[PDB]
Amino acid sequence: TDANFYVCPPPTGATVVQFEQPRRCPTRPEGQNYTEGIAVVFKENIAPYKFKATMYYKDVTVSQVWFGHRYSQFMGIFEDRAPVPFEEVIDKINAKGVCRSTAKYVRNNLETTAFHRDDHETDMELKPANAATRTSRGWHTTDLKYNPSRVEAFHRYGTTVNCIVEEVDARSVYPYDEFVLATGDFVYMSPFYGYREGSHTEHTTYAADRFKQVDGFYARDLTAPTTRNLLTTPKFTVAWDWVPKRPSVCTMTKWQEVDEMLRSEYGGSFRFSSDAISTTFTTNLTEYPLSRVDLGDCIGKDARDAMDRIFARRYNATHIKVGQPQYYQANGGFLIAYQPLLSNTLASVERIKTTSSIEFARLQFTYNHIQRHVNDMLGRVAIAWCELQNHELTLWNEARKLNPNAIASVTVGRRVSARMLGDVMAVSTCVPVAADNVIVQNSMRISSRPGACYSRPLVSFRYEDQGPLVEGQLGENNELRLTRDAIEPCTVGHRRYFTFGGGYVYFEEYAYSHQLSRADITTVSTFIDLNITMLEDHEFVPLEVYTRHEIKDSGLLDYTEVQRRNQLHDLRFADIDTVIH
Amino acid sequence: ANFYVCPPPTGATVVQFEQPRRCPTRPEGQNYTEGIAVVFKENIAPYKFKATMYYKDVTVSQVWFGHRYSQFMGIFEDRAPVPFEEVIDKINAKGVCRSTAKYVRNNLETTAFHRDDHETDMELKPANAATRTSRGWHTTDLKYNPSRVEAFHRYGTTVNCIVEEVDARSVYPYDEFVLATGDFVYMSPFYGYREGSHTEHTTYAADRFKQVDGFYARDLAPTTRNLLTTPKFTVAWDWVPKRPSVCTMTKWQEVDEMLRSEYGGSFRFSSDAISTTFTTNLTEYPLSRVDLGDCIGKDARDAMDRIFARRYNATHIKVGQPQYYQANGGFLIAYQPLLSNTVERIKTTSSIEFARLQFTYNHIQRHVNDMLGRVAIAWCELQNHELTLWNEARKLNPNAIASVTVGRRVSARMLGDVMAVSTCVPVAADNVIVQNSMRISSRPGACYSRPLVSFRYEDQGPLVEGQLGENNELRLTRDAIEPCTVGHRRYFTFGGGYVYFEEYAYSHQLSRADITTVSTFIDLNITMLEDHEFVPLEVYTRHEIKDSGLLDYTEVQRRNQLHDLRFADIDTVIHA
Amino acid sequence: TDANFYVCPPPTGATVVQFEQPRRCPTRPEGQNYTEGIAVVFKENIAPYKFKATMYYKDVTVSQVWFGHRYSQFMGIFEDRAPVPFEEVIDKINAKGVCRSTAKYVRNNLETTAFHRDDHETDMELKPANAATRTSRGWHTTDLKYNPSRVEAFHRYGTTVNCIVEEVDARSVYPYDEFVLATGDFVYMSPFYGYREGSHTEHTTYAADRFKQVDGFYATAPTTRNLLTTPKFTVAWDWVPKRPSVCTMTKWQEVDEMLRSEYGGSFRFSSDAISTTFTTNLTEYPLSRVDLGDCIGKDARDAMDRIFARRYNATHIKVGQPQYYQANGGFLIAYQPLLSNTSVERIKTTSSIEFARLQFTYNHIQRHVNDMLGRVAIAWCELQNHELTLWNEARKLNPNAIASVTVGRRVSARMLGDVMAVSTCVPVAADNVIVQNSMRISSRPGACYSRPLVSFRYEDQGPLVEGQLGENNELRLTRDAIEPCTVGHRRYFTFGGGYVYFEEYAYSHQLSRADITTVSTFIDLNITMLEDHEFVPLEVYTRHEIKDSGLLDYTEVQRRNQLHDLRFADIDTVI
Ligand code: NA
Ligand code: NA
Ligand code: NA
Ligand code: NA
């Protein structure tokens, strides 16, 4: 507060001031132009190529047992796998569901032959292997090992030959120059190797005579032809149905189908936002040439497929497709297939690498969303504020006429004296006067002229604590008027409260009564409340559902662990340096 | 900087001020319930238990002794299982094992004697030390090779009884398991005889399994010891019931303060502590529906009580018995309401991010809506409040107030409690002249309070007399008069500046820029939140994680299987 | 609307009121102080130590072949790998690039010897292994397998010895007490084991004689060549000191502009470029307390300097020495402050950086909204204080209206100096109020009332009282508002819910407020709420896709391969 008093000499043209005129208020931004569309999002494909294959091989075993007195002991059990020749796969196994009891094949640069039970060759029926949970189908000919008849004090050999046929899952990873079987065996030939148109261009690490391709092939299940591939390796023969590389594999995978994908141009790039998955992708304005995608023949297909299925299910009756689907590369390695729409209301080759984290895009979407909202609303507050200030000037132009000192003091920033000199305002500073130098007189009446009373209290004061006593009249807000003119006709029931210092001086019947604190008068406010509080600090702690360790441990068997342990066997349970001689 | 003439308004057009609008009200406010919660996630950890392996390393070498040397012609190596009886009576009961092996290998009952000597029981001594390895025990430590007999082939046998303690792991549905050695055991770790245990899975003949009640583990309390003898070994592990041993769910987070609220037919569980907000249907999730999840009810209470005591026992009270809800993302929430005293498997996502974004978004949303709502309300109140001032201001200067409210220069005058307005006519600045004297030539001591003017509506029109009003208004009636006074100084708005007069005599025009300006405006400087781009960011990429493994099985196999193609001939056949 | 009339008795000092004086407005917070700086963020290293090694071994094979009359059959094929002796590697392989056609080594506690083709030992020239995609380099001496010469009705043995030398990649994980080769072969010796200064302290599970270290070795700069001979092979690799060689941390992010600030007794490192804010204590982290983390200080400086040069050398100056802090989540931060010219342990890092991006995002928005709304609150307080001055003049002009608005109910008011005396007005039913037809004063020609006359009763049965219409439906008890009768008299007086129109000082008719054009004194503001939004779970790759990304699954291959006998053979049957 300022319970300090003031004297305000009449202002002279010395200083003149004018009110600032209306400011040009801001205008609301044009507004973003969004394009309704359907989108299909693709990601780098990390899944291997999977296809069915059949294995044809024979387990060949030759035991050596020495029959001692009362017992017999294995001296050695030689085991090996032999590939079933093409001819035999075609004419025996596939044609008749049978297999020879002999195994003739090349091993260690030598053609070796093995007869089951060691006797004359005979065709054998393939029978279902023994059931087993979570396993493919298998078939074999024999089920018992063949050991030599006993002959004491002698070493004898026995040959076993179990013809085995197994259907197995096959897998291949880019660039598909080789593949693996579910048994752990690698095949160093492309799953797409063949003779038909350019196929022979694919990779193969085997001599020509090891591979065979049979057209219009029919398989027998122990109804359409297939081009059947047949590769015979040193340990087995493997077959699979040949299909062309390009309409089969893809370096991308469909990831998200988005009904409502808004697109907008902004600072040289497109923003693709999906309210449904709370994501915003960013791309250049120029489409990405789909043909540049190394083996991505599934994208166009998949997008069209999904795209039409969505159009029908949701826009066929309210919008129209605007042009051909477009393709864009988003930051993070996401390929977006986009189909613009519009409501009727109007009427070198390379591989894309994708990030495993979509968080940046969700943060982008979230941030953009809040940002847009706060800039929009606070922007409106600003415009409304400016407008209100401009509007207010009109009221101040009228107030300044009724009370120039008060309006000027508020506007100038300090207690001043003022008066209108036309359309401008002349002002002069007022001089402070210590409260202890001001005396309020007991009477407001004028004996001089009966019936006439002063309208406000009379006073006596001095500018300096030692200075002379000057008489005047009390004005508003502690102003000391040098003239005692404020008068009126004495009235009955005279009651008044005048601002005096930090409280009021009360008069009744034109006589001083007493002073008081503002606390004795009830207060009413002209102010409109507004309780704004700050958004408080918040801390985000690291948080994971599963740690890399839990994940590493989610696997039943750990190859590294198993190898580490198993290879310590000798250092643990055996001597390695002792040379017995 | 345009002049206007405003004719007296006629009842022609009458306007009124809009009255106070109904101001918005603050929304009710969300009701939150305090509570304790435990969050479960899909269990991806393998069932783990200890087991012992009993088997013998059977080796039989063949050596051909040359004159100046000796050379191996072959080295048969096999693994023979140790018979039940021998583990029971010899290993478990004595800590010894036979120096011979007899088992079924390739549909034949083979038999081997260590050193090829008579059967002897042998001392099982601890295996040689090795870092990060379980405990092991064996009998022999050397390989027996036939004594030299130049020019002949000879076969020598070896038998090293080995017992190993090893970790066992099994994954749902637990119908089989594996050992630290990589050996699979196709029998449920919970297979047995005791109540329904025989129901479990097994792929062996009844006579390969054996259960020993009240067994007493030897060490080179009772347990219902299980023993399986496989073609290459025998393994034993303590039998325990299935249900109280495994769980398809895992405790993930313990939450002291988990607020719950209901909106739009869903429950929102948010944790300030971990900045997460889960969402669920209002209906609880039948904990009984959880395939093998008896650990849930357990862990939950355990934790909820520990927390209750540690933090709310002295200030709040539990309400009802714990509830269970299925949240989006596959998280199971055990919830325990509080109050101030005052059959299938659940699949869980590996990313909690959606729920934290949810929490973050919700928290900010709540705040801006709350505050901007208060601003909207206060703005409406202020506008209504101001009307009272406009009502007084209009009686004082109708033209000005009406012009601001109407939006264009108009004329106005009150007609009771309503305002009559009429449009004003613009006048080119060049068609306006200010006369030099404000004094009245026919009445002594009487002066015009405001400057007189001579103008013409049209550039060719007659010259009209009148006096300058405020804000460039041209008054047709020169009735603004006052007693002439001494020291007369005045500045009148004229065009885009002021016309200065002294002692009722024109002096000169000035620019507003020549006069000091003071503002009646309260400033406010709002700036926009600027654009921000978030780039892709990962601590470890999936490639780094793949490389984190010491050995890669695919890589190893890929390379090893190329051996013959790289260092040998796979096609050439020799005949002679 | 109100729809109710009021009689307002003259106020008596009974109740007096004053306006609240200006409130002290809030002040703008000081404002956060940010230190510009360069940073380098490190994470726990999950990558194994990698180094090159060379393998020396020999494929030894002894086949047993029985020569039938028309055919031939392998009776058994013994295959083994033999380590190449130190001496041979040195003097034969490394020296002349050849190898012995013989394999002498220890197997199963016995020293066996093998002669290729079962012939006299001869030095053989090593040759490049057959070409193969994505494979290291290898060399061998023989291409074919040797088999016994044909001899009908006889068992025969043939020996093949193929000397093989392969350059392979080696890998080792902390504590580095052992390592593996690309072949899957484990080597239980520290890649750092040796003789030179404390090396012998490193781990090793082999007898001293198996190991050999050759200083000043060749193969164009000498090296300390290690050579370990295991039961199945001999491996060599250039020795290097452990300390500088391996690291338990990995440089992760190089940040040009990393702002640092402190609050609540903690440091905040925020990067606008990667949208991340790290949190740490005010106390540096002893870099030396980092187990084997010798790469940190080096990499930090290399990076730090490169960046300073490229971006701040011409406008900023380094301040102090590089400082190091540990951030929540297990991130080690190397920080270099700038200014314009104007026991021991291993850090464990989280896999998810999201908490830190959320932190940054939230702080950025929080900072912005608190700033602007805070400015709104200040401007609002100032405006409320500012307008009191207008209210001070208004109250003088229309005390009843200004007081009614400030008091919150219809009251009567008058100034008693600088305070306001007020009294409550009494309501009157609209049906108890009658507007006279004339505003003319018969008993005083030329004199007319400026506002309509009325009659009314406080109660539906009470006497009828005379008076005149005031503003906003006030019923004044004194018919004193008079004026000079004039021409073309036109007036609209608020009456009930609308107006009463008077012409030529004569009642004409009443009308709805709808008959008059409405203009507004209100400034509009259209604020709308930010709407609810649901974030659904979303992953690029599920953990199952990741699991499946591996070409061969060991668990799957083992599970299946061990079911061979159970599927294609009888395990329980003795004959
Ligand atoms: Na003005
Ligand atoms: Na306020
Ligand atoms: Na009004
Ligand atoms: Na006041």
# chains A, B, ... in the order shown; residues from 1 in each chain; ligands from 1
>>> select_by_dssp(residues="region 208-441 of chain B", states="strand (DSSP E)", output="JSON, numbers by chain")
{"B": [209, 210, 211, 212, 213, 214, 215, 223, 224, 225, 226, 227, 228, 229, 234, 235, 236, 237, 238, 249, 250, 251, 252, 253, 254, 255, 258, 259, 260, 261, 262, 263, 266, 267, 268, 269, 270, 271, 276, 277, 278, 279, 280, 281, 323, 324, 325, 326, 327, 331, 332, 333, 334, 335, 336, 337, 410, 411, 412, 413, 414, 419, 420, 421, 422, 423, 425, 426, 427, 432, 433, 434]}
>>> residues_near_ligand(ligand="ligand 4", cutoff="12 Å", atoms="only C-alpha atoms and all ligand atoms", output="ChimeraX atom specification")
/A:406,476-477,498-499,518,523-527 /C:17-22,385-396,402-403,406,415,417-420
>>> residues_around(residues="residue 205 (chain B)", least_positions_apart="3", cutoff="12 Å", atoms="only C-alpha atoms", output="short mmCIF file (atom, residue, chain, number, x, y, z; two decimals) with N, CA and C atoms, in the first residue's frame")
data_model
loop_
_atom_site.label_atom_id
_atom_site.label_comp_id
_atom_site.auth_asym_id
_atom_site.auth_seq_id
_atom_site.Cartn_x
_atom_site.Cartn_y
_atom_site.Cartn_z
N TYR B 186 12.40 -87.74 -22.70
CA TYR B 186 11.00 -87.65 -23.09
C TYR B 186 9.98 -88.18 -22.10
N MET B 187 10.04 -87.63 -20.89
CA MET B 187 9.14 -87.97 -19.80
C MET B 187 8.89 -86.70 -18.99
N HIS B 201 2.91 -87.41 -19.06
CA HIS B 201 3.48 -88.03 -20.24
C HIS B 201 4.80 -88.76 -20.02
N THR B 202 4.97 -89.83 -20.78
CA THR B 202 6.17 -90.65 -20.76
C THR B 202 6.23 -91.35 -22.12
N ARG B 208 11.35 -98.91 -17.38
CA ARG B 208 12.49 -98.01 -17.52
C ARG B 208 12.41 -96.96 -16.41
N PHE B 209 11.23 -96.87 -15.80
CA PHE B 209 10.96 -95.92 -14.73
C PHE B 209 10.90 -96.59 -13.35
N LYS B 210 11.25 -95.85 -12.31
CA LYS B 210 11.23 -96.36 -10.94
C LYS B 210 11.10 -95.22 -9.93
N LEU B 228 14.85 -92.72 -14.11
CA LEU B 228 14.59 -93.12 -15.48
C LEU B 228 15.87 -93.62 -16.11
N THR B 229 15.80 -94.82 -16.68
CA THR B 229 16.96 -95.42 -17.32
C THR B 229 16.78 -95.36 -18.83
N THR B 230 17.57 -94.52 -19.49
CA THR B 230 17.50 -94.36 -20.94
C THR B 230 18.58 -95.19 -21.62
N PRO B 231 18.49 -95.34 -22.95
CA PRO B 231 19.50 -96.12 -23.68
C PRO B 231 20.94 -95.67 -23.49
N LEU C 566 13.53 -93.62 -31.23
CA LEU C 566 12.16 -93.82 -30.81
C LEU C 566 11.20 -93.82 -31.99
N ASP C 570 13.83 -99.91 -32.59
CA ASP C 570 13.33 -100.54 -31.38
C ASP C 570 14.46 -100.44 -30.38
N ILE C 571 14.19 -99.80 -29.25
CA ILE C 571 15.21 -99.63 -28.23
C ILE C 571 15.08 -100.69 -27.15
N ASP C 572 13.90 -101.28 -27.03
CA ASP C 572 13.66 -102.30 -26.02
C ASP C 572 13.39 -103.67 -26.61
N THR C 573 14.45 -104.36 -26.98
CA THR C 573 14.34 -105.70 -27.55
C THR C 573 15.73 -106.28 -27.67
#
>>> residues_near_ligand(ligand="ligand 1", cutoff="10 Å", atoms="only C-alpha atoms and all ligand atoms", output="compact mmCIF listing (two decimals) with N, CA, C and O atoms, in the first residue's frame")
# COMPACT_ATOMS: atom_id res chain seq x y z
N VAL A 17 0.55 13.74 -22.69
CA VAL A 17 0.62 12.34 -23.10
C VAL A 17 -0.65 11.90 -23.82
O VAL A 17 -1.71 12.48 -23.63
N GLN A 18 -0.52 10.86 -24.63
CA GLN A 18 -1.64 10.30 -25.38
C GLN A 18 -1.69 8.79 -25.11
O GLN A 18 -0.68 8.18 -24.77
N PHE A 19 -2.86 8.20 -25.27
CA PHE A 19 -3.01 6.77 -25.07
C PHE A 19 -2.58 6.03 -26.33
O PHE A 19 -2.78 6.53 -27.44
N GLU A 20 -2.00 4.85 -26.16
CA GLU A 20 -1.59 4.06 -27.30
C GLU A 20 -2.87 3.62 -28.00
O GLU A 20 -3.87 3.31 -27.35
N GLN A 21 -2.86 3.60 -29.32
CA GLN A 21 -4.05 3.19 -30.05
C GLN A 21 -4.04 1.69 -30.26
O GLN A 21 -3.02 1.05 -30.08
N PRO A 22 -5.20 1.11 -30.64
CA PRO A 22 -5.33 -0.33 -30.87
C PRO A 22 -4.18 -0.99 -31.59
O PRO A 22 -3.65 -0.45 -32.56
N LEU A 393 -9.84 0.15 -24.42
CA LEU A 393 -9.42 1.53 -24.63
C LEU A 393 -10.58 2.50 -24.63
O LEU A 393 -10.48 3.62 -24.11
N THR A 394 -11.70 2.06 -25.19
CA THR A 394 -12.91 2.86 -25.28
C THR A 394 -13.37 3.26 -23.88
O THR A 394 -13.80 4.40 -23.66
N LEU A 395 -13.31 2.32 -22.95
CA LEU A 395 -13.75 2.59 -21.58
C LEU A 395 -12.79 3.58 -20.90
O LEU A 395 -13.23 4.48 -20.19
N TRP A 396 -11.49 3.41 -21.13
CA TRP A 396 -10.50 4.30 -20.55
C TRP A 396 -10.60 5.72 -21.10
O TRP A 396 -10.30 6.69 -20.40
N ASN A 397 -11.03 5.85 -22.35
CA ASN A 397 -11.17 7.17 -22.93
C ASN A 397 -12.27 7.91 -22.18
O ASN A 397 -12.22 9.13 -22.04
N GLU A 398 -13.27 7.18 -21.69
CA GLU A 398 -14.33 7.85 -20.94
C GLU A 398 -13.95 8.08 -19.48
O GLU A 398 -14.25 9.13 -18.92
N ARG A 400 -10.97 8.58 -18.23
CA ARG A 400 -10.01 9.68 -18.12
C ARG A 400 -10.65 11.05 -18.07
O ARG A 400 -10.05 11.99 -17.57
N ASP A 423 -7.56 16.77 -26.65
CA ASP A 423 -7.64 15.34 -26.85
C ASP A 423 -6.41 14.63 -26.33
O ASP A 423 -6.27 13.43 -26.47
N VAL A 424 -5.52 15.41 -25.74
CA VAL A 424 -4.31 14.86 -25.16
C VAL A 424 -4.41 15.21 -23.68
O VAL A 424 -5.29 15.96 -23.27
N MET A 425 -3.49 14.68 -22.89
CA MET A 425 -3.55 14.91 -21.45
C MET A 425 -2.27 15.53 -20.89
O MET A 425 -1.18 15.02 -21.12
N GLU B 470 -14.71 14.80 -31.74
CA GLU B 470 -13.65 13.88 -31.35
C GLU B 470 -13.47 12.78 -32.39
O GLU B 470 -14.41 12.41 -33.09
N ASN B 471 -12.25 12.27 -32.48
CA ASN B 471 -11.95 11.19 -33.41
C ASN B 471 -12.42 11.49 -34.83
O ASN B 471 -13.14 10.70 -35.45
N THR B 493 -7.48 16.06 -32.13
CA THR B 493 -7.23 15.00 -33.09
C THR B 493 -7.67 15.54 -34.46
O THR B 493 -8.80 16.00 -34.63
N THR B 517 3.61 8.60 -25.64
CA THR B 517 2.54 7.62 -25.56
C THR B 517 2.62 6.77 -24.31
O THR B 517 3.70 6.34 -23.90
N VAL B 518 1.46 6.54 -23.71
CA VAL B 518 1.34 5.71 -22.52
C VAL B 518 0.26 4.69 -22.89
O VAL B 518 -0.73 5.03 -23.55
N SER B 519 0.44 3.44 -22.49
CA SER B 519 -0.51 2.40 -22.83
C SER B 519 -1.48 2.01 -21.72
O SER B 519 -1.13 2.02 -20.54
N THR B 520 -2.71 1.69 -22.13
CA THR B 520 -3.75 1.23 -21.22
C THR B 520 -3.83 -0.30 -21.34
O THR B 520 -4.65 -0.93 -20.68
>>> atom_distance(atom1="CA of residue 429 (chain A)", atom2="CA of residue 450 (chain B)")
27.5 Å
>>> atom_distance(atom1="CA of residue 293 (chain C)", atom2="CA of residue 559 (chain A)")
28.5 Å
>>> residues_around(residues="region 478-487 of chain B", least_positions_apart="6", cutoff="6 Å", atoms="only C-alpha atoms", output="list in words")
residues 445, 446, 447, 448, 449, 466 and 467 of chain B
>>> write_last_selection(atoms="C-alpha atoms", output="PDB file, in the first residue's frame")
ATOM      1  CA  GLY B 445     -15.965  36.633 -23.852  1.00  0.00           C
ATOM      2  CA  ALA B 446     -17.504  33.621 -25.614  1.00  0.00           C
ATOM      3  CA  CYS B 447     -15.361  31.047 -27.411  1.00  0.00           C
ATOM      4  CA  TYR B 448     -15.739  27.716 -29.178  1.00  0.00           C
ATOM      5  CA  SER B 449     -14.378  24.859 -27.075  1.00  0.00           C
ATOM      6  CA  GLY B 466     -19.299  23.015 -38.700  1.00  0.00           C
ATOM      7  CA  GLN B 467     -16.872  22.216 -35.917  1.00  0.00           C
TER       8      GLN B 467
END
>>> closest_residue(among="B:515, B:73, B:14, B:122", to="chain A", atoms="only C-alpha atoms")
B:515
>>> residues_around(residues="residue 189 (chain A)", least_positions_apart="3", cutoff="7 Å", atoms="only C-alpha atoms", output="list in words")
residues 177, 178, 193, 203, 204 and 205 of chain A
>>> write_last_selection(atoms="N, CA and C atoms", output="CSV table (one decimal), in the first residue's frame")
chain,number,residue,atom,x,y,z
A,177,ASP,N,20.9,-68.6,-51.3
A,177,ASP,CA,21.8,-69.4,-52.1
A,177,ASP,C,22.0,-70.8,-51.4
A,178,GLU,N,21.3,-71.0,-50.3
A,178,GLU,CA,21.4,-72.3,-49.6
A,178,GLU,C,20.2,-72.4,-48.7
A,193,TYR,N,16.9,-73.2,-57.4
A,193,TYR,CA,17.7,-73.7,-58.5
A,193,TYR,C,16.8,-74.6,-59.4
A,203,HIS,N,22.3,-70.3,-57.4
A,203,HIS,CA,23.5,-70.9,-56.8
A,203,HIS,C,23.4,-72.4,-56.5
A,204,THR,N,24.5,-73.1,-56.8
A,204,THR,CA,24.6,-74.6,-56.5
A,204,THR,C,26.1,-74.9,-56.2
A,205,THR,N,26.4,-75.7,-55.2
A,205,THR,CA,27.8,-76.0,-55.0
A,205,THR,C,28.1,-77.4,-55.3
